[PDB]
Amino acid sequence: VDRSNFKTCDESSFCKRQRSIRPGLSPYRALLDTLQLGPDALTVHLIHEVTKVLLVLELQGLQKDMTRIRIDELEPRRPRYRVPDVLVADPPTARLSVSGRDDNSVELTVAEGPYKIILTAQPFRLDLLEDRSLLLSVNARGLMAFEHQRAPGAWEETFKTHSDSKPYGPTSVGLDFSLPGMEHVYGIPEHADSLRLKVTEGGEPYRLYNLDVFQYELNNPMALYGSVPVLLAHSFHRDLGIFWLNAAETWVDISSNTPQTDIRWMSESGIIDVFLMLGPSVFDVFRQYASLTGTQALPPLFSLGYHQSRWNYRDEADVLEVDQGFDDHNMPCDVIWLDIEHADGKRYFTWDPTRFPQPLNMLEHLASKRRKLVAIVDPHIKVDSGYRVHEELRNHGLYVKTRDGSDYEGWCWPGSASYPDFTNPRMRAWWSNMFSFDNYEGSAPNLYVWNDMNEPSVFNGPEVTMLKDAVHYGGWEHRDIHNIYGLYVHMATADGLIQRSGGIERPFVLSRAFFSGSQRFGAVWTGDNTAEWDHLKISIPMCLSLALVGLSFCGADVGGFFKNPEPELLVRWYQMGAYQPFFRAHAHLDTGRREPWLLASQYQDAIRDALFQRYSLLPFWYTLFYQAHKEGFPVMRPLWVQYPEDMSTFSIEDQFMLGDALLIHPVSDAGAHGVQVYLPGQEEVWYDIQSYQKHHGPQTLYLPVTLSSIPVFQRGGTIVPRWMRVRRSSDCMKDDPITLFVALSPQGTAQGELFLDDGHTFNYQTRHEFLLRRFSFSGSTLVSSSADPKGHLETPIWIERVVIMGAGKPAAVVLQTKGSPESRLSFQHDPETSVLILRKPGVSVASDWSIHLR
Amino acid sequence: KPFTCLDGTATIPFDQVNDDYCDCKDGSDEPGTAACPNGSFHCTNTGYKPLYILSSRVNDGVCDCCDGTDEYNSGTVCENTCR
Ligand SMILES: O=[N+]([O-])c1cc(-n2cnnn2)ccc1NCCCCCCN[C@H]1C[C@](O)(CO)[C@@H](O)[C@H](O)[C@H]1O
Ligand SMILES: [Ca+2]
Ligand SMILES: [Ca+2]
């Protein structure tokens, strides 16, 4: 990477000003004579003792144990930016009451307790408590900074050859937070860095500014493609989360200190708007954040299959040869991807007339194989009077503008290009309408979309993005909105795929740039990684950092985007990717073809094995994403989320869990002969899903591996559903029978869920057409019941097999289900592995039933 | 008379032949279904050459045999294209 292209904090004038303020006595104080206590908000004026600038603090207790702090100017010359469209609703409030007051402090109770807020008058300070336990402090180190708007590098500012006219001057806002008892903080993607966020004292702050970083490097705090301003704090005793709702460029300082962590946010414009999410558990934090910004959109089942991509597939015949290659080499694949060379000279929504002359016929051939296609659509529009999209957006004034009122023009893939103003709701409605089958000619229901370069990437712009003083809808500057520009592209595209179907089909959109709330619109991936072993390792902490802040549909390019991976590295990457949410192989224009059947037979077999495991686990993945969609719980989880009191897990990032059932430790070293697997949990057991060997936790197990090994363990007390009939695509499988894998706890119990629907529509929510089954084992009986009775589904899916790990040999097996006579099932039992196989239950998955082991 | 797996692994009653559950390690008990992972389905394909296909492609919704016999209970109606 060329770092001189990108500002350090020192080269950013507002970051340099803010960060030069070091901990000390704050000049802000609250004017308690001005205090007014309302139902939804407490308001009180703040004053800077020197400048005499007056601010207004809006403090709100919210339902679900959350507090919201908003600070704005009292008398602003011009309104400051307040981030729209991120919050899914106006958060329900809780009442504040005065429970104590002196000359310098006012104690506030949220509803009837036990959460309290202490407002200190001078110096201004906020403390949050549950009973008498101090949870969090605000401005305890006196780092609050609010640059008020003066008369229109503090003003006119240059970086390299780009001049920011900065018509409003310094407007930055900042605030610090103290976390007593916390030593581990996580989140604020996106950064190519460790899961546990490092202290920034001796170096750069973490930067949140959606940027296109060419050949980005590992273990550094440079800003990457997306920004989610959410930090989570975890200790043995509690879990906390901070949501800094600001869309401008933001820097985050982290310092350690009886153990305590301090967090400081520094943003270029906008108001101070922060949510404090008090837990107490990390799942309480997940729900709290989900209530503000929504939950992960339910992916259509196919998008959880395997995606085969590269820059670029030559033409229709190449795409069909790839399709046939998968079938001729017995490898499953759901989606083949068309990168930017499929269009006419990077004019999006078009097709190259020589290499893709009949896109509908190509989509019809793939539909006959029950496979999908994804086409890239970027938000830069070639300046071209022969280009219908550009003419419509220009004639309707839907482009981002410069200060002189002309449409902004930068340089990107098609050369000179303009940028639609996606903050304009009319522009997003226009975009969504362009995805109708009449407007996007050549598209069909099995064509889906990839939004790339939506930071936005501008090749000749400062830091390869849009100028700060470009002007958006309502007159707001680009510096005010930057970090939600990509989100708006993701949103308008996802809406377009829903509207083209008349509101029935669920969308699939991949996006590179993202913000808080992007989980509502589809998937993201970690951009342009490299075919190196360290980039394989870092896919885990990067997608885990996204999982913790709501973005569960995450992945990294399998094999690496840049460069050519050695065959062993490509195999280890398929095994890694097979157990990550978004599963796509992608490659640079100048890389060699690496479709999985082009390798030697030994590497093909291990890659096929990995693909079979992924497709077999689709019912399990589908259920985890339904739980993420309904509850806000991440699919891919750090070990500390399931074991919050095992402090040896607080930093683990070579290991991860899927739900609470599967612990994954992929091999990520060339020529490795074993891995150190930490199996956590007191009174916990784990089953090696390959050998069925049972292991007692806690321990660090050395497990020998070969090229075909994917170290995966099932937790005792869980039931994992699988489709053991692997076909060529998920559409082929979605009516196939289920096999239930029961891993018995030491108490002889297990439980799990299974979600089913049609796989691609919203009928599950508009018609309640779905199944949510609960499977439970206790005593010697396995019982299927409804976990949500409002869901009914016409489906031929049945239970073809039950596998029980940790069971003794029964004398007889008896199945009962209503409407049927009592049935006897034959079985098989391995005494060495204590595995019990129940042959062909044969019961509908929609029916209640129970299997007893006599 | 019961059925014998062609690898001799077991003996099952003929009601467990094509009963949509894999009982033989070689897949020989399910020549007409998608139950076995290692099984094969024979397209008789009169008018063309008869070919074998994977059992995983029986009733997958995809027309594999030119005579269409591999799709008999999937909702996909396959035409004869052996010509
Ligand atoms: O310095 N340079 O090499 C350089 C200079 C200029 N300039 C021209 N004028 N000024 N500068 C322009 C480009 C470059 N780099 C050459 C290619 C590396 C960029 C990769 C972008 N990757 C995304 C796009 C895509 O590659 C295809 O859509 C997707 O495949 C991928 O997944 C996406 O993430
Ligand atoms: Ca059988
Ligand atoms: Ca077929």
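A note on names: the letters A, B, ... follow the listed sequences, proteins ahead of strands, and every chain is numbered from 1. We use all heavy atoms of the structure for the numbers below, so side chains are in, but hydrogens, waters and symmetry mates are not. Numbering of ligands and ligand atoms starts at 1, following listing order.
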Exercise for review: Angle at the Ca ion (ligand 3): provide the value between O of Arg57(B) and O of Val62(B), rounding to 10 degrees.
Suggested key: 170°
Exercise for review: Mind checking side-chain contact (heavy atoms from CB on, under 4.5 Å) for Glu364(A) and listing every partner two or more places apart, or none if nothing turns up?
Suggested key: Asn361(A)
Point to revise | Of the N, O or S atoms in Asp19(B), the one nearest the Ca ion (ligand 2) | key: OD1
Review point. Any ion pair linking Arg512(A) and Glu455(A) (charged N to carboxylate O, less than 4.0 Å)?
Key: yes
Practice item. Determine which of the N, O or S atoms in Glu71(B) is closest to the Ca ion (ligand 3) and give its atom name. Key: OE2
Check your understanding: Hey, would you say the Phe508(A) and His307(A) ring centroids sit under 6.0 Å apart?
Key -> yes
Point to revise | Atom name in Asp60(B), limited to N/O/S, at shortest distance from the Ca ion (ligand 3) | key: OD1
Check your understanding: Just by distance, with hydrogens left out, do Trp311(A) and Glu341(A) show a side-chain donor and acceptor under 3.5 Å apart?
Key -> yes
Exercise for review: Please list, by chain and number, the protein residues whose heavy atoms come under 4.0 Å of ligand 1.
Suggested key: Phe214(A), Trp311(A), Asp339(A), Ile340(A), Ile376(A), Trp413(A), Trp450(A), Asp452(A), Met453(A), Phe459(A), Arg512(A), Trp525(A), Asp528(A), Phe561(A), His586(A)
Point to revise | Any side-chain donor near an acceptor of the partner, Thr350(A) and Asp344(A), under 3.5 Å | key: no
Point to revise | Salt bridge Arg371(A)-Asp334(A), side-chain N to carboxylate O under 4.0 Å | key: no
Review point. Rounded to 10 degrees, what angle sits at the Ca ion (ligand 2) between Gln16(B) O and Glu30(B) OE2?
Key: 100°
Check your understanding: Can an N, O or S atom be found in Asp20(B) less than 3.0 Å away from the Ca ion (ligand 2)?
Key -> no
Check your understanding: Does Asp384(A) come within less than 4.0 Å of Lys346(A), counting only side-chain N to carboxylate O?
Key -> no
Review point. If you stand at the Ca ion (ligand 2) and look out to O of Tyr21(B) and OD2 of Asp29(B), what angle do those two lines make, to 10°?
Key: 90°
Point to revise | Salt bridge present between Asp534(A) and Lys537(A) (N-O < 4.0 angstrom) | key: no
Exercise for review: Look at the N, O or S atoms of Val58(B), main chain and side chain alike, and state whether any lies under 3.0 Å from the Ca ion (ligand 3).
Suggested key: no
**Study point:** Shortest-distance N/O/S atom, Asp70(B) versus the Ca ion (ligand 3)
**Key:** OD2
Review point. Using a distance-only test with no angle check, is there a side-chain donor-acceptor pair under 3.5 angstrom linking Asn18(B) and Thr33(B)?
Key: no
Check your understanding: the Ca ion (ligand 3) is nearest to which N, O or S atom of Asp64(B)?
Key -> OD1
**Study point:** Any N, O or S atom of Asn18(B) closer than 3.0 Å to the Ca ion (ligand 2)
**Key:** no
Review point. Is the closest basic N to carboxylate O distance between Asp60(B) and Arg370(A) below 4.0 Å?
Key: no
**Study point:** Which atom of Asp23(B) approaches the Ca ion (ligand 2) most closely (N/O/S)
**Key:** OD2
Check your understanding: Thinking salt bridges, do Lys840(A) and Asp23(B) make one under a 4.0 Å N-O criterion?
Key -> no
Practice item. Tell me yes or no: between the side chains of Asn210(A) and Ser227(A), is some donor less than 3.5 Å from an acceptor? Key: yes
Check your understanding: Does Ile53(B) bring an N, O or S atom to within less than 3.0 Å of the Ca ion (ligand 3)?
Key -> no
